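Along the sequence shown, residues are numbered consecutively beginning with 1. Below, all heavy atoms of this structure are taken into account, side chains as well, without hydrogens, waters or symmetry copies.
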Amino acid sequence: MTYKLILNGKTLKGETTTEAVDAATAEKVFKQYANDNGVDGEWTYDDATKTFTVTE
């Protein structure tokens, strides 16, 4: 299943997607990706659109 991430950091902004079997797996890879790119914010997840968001 395709999941999306909306990045609204101070420095990195945009959207990316990933394929994952479920939501906890997609949250795992999105968190590592955010952390590798120095983004550190509040997170939300909406299962009706399969979209994560991180805001700094």
Side-chain angles (χ1 to χ4, degrees):
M1 176 112 44
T2 307
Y3 289 97
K4 194 186 238 310
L5 171 68
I6 295 174
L7 297 136
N8 171 58
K10 314 186 294 79
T11 278
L12 211 196
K13 291 207 168 53
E15 307 178 312
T16 28
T17 66
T18 195
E19 308 295 311
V21 314
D22 69 343
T25 303
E27 194 207 301
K28 230 167 295 170
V29 171
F30 285 151
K31 298 253 216 66
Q32 288 202 297
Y33 169 75
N35 187 71
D36 280 346
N37 289 270
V39 173
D40 175 32
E42 310 294 20
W43 287 79
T44 70
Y45 175 65
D46 185 343
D47 193 42
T49 58
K50 269 76 200 174
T51 298
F52 290 85
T53 77
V54 57
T55 296
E56 281 188 316

## Note on the structure
Nearest heavy-atom approach of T17 to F30 is C-CZ, 4.0 Å
### Task
Would you mind listing every salt bridge (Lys or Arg N to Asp or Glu O under 4.0 Å) that reaches into residues 8-22, with sequence neighbours excluded?
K4-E15
### Message
On a heavy-atom basis, which atom in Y3 and which in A23 lie closest, and how many Å separate them?
### Response
OH-N, 3.4 Å
#### Entry: Single-linkage hydrophobic cluster, 4.5 Å side-chain cutoff, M1 and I6 together
no
### Query
So, does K31 use its side chain to make a donor-acceptor pair with the main chain of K28 at under 3.5 Å?
no
### Message
Side chains of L5 and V54, heavy atoms from C-beta outward: is any pair under 4.5 Å?
### Response
yes
### Message
So, taking the atom named OG1 in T16 and the one named CG in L7, what distance separates them when rounded to the nearest 0.5 Å?
### Response
5.0 Å
### Message
Quick check on the hydrophobic clustering: are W43 and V29 connected, directly or via other members, by side-chain heavy-atom contacts under 4.5 Å?
### Response
no
### Message
Test side-chain contact (heavy atoms from CB on, under 4.5 Å) on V39 and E56; report intermediate values, then the result.
### Response
CA-CA 7 Å; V39 173; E56 281 188 316; 4.1 Å; yes
